[PDB]
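In PDB author numbering, the protein residues as written are 1 to 76.
Think of the CB as a built atom: it goes at the ideal place given N, C-alpha and C, for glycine as much as any other residue.
One structure is given below, encoded as structure tokens.
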């Protein structure tokens, strides 16, 4: 069960996930494709904010679910 994430460039990035796969892991996968640090990553689905400890089955996230990558620096 893969998912498509809306990138800033508009290009979607397929990611491998599973009902068991927690968000913490997902952010980790992203940290590799985006190379961005965890403090610069944010996942939101259907306008709902995700949190660690939860799973896809909790957010009712299905396949081809459109996420949202928000890139912003917390400043110095």
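Asked                                                                                      : Found
Alpha carbon of residue 72 to alpha carbon of residue 40, nearest angstrom                 : 6 Å
Opposing strand residues paired with residue 18 [DSSP bridges]                             : Bridge partners of residue 18: none, in fact.
For residue 22 and residue 63, the rounded distance between their alpha carbons            : 15 Å
Identity of the residue in 11, 74, 54 nearest residue 27 by Cα                             : 54
Nearest-angstrom Cβ-Cβ length linking residue 45 and residue 15, presumed shorter than 8 Å : Contact doesn't hold; Cβ gap of about 13 Å is too wide.
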